[PDB]
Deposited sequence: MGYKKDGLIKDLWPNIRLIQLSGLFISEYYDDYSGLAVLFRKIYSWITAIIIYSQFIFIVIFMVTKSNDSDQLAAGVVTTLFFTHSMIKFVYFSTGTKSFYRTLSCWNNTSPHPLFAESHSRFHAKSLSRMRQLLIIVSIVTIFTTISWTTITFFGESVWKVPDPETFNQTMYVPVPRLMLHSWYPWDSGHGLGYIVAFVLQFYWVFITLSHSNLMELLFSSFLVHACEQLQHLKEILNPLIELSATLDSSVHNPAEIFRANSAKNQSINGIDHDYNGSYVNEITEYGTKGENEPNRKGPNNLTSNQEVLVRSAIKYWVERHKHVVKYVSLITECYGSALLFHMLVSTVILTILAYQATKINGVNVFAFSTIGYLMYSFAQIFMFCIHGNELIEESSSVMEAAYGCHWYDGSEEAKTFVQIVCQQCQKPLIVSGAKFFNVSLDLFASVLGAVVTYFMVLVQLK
């Protein structure tokens, strides 16, 4: 492999091992291997959606109080992110393949090969750091989910079958999630099977939802680093056109450098458009689910008293839901800023003492690199820290209103 595939090889390998419906980037295209891969992916999908349906069933058939309804809806919408993302990637791999194949045959200009290698190394380091952070967060979330189940009383509020309007606490299986099962998950092998299945389900659903976000942010990281490389090589490109004591050779050299710069910038623009087309509606679905999640979580936070399991659970849900939004908001904002600063970089070079072609190139660059490159979520909003700030402000205002009114 070569190009963006080699840089994102750990991500693609984790996606392949995770169970998503991915068919490319293998080296064992044989009938047996393909059949085994399809069988494993289908088994993963069946288990994922069966467990999701089970936790949905133990949300309407065993919920009596409005608090229980709120908690069940919070958990269901929390895992609806992974439910949506699995089928989004599985049936939409063509867009991801197109995005991953944009930087395939591009090669740096011999004058700017050193800078390109430097910024490629920087992009690789940033991508690896993002992968490490995502893996650490996912493993920590999976560990804490199993840890918080052993720090409370496994009781459920069921209406009393003897009196009229009284409610009693019934012992409930101590599991990671409240979910109905065909078998008896209360004790013994049923309980062990339920616990193992829930652990695997939580881990792999978080893995799916986090691999999608990591892939999106890695795409944006590569785009930003290419923009930085373009911004840095403007000074040598302009100095190439200087008339210091132009011949035909110098003129053709400057023309070739300008052509390389323009082609790489057009590649960045088309790449950002491909990112928007690929992972654009996924952001819309994520925000649609997270809006309801954050509303109900603000309501839940209004009921926090003392330090106990409920406070920790609500804080963890809120922090994870905000970190997911922040992860792509920060990279969208970085892309916006680094695309808008290209004109500032092209005006700060020594273009005044340059050839007419260099001045025309600088003028056209200033004219275009004036509207920032924006990754928009299904044309409804722009991915930036403005969206994160708006979401945070709305959540805080709603929480304050709920505290004051109630």
Exercise. Tell me, which runs of residues in the deposited sequence have no coordinates at all?
Worked result: 1-4, 250-302
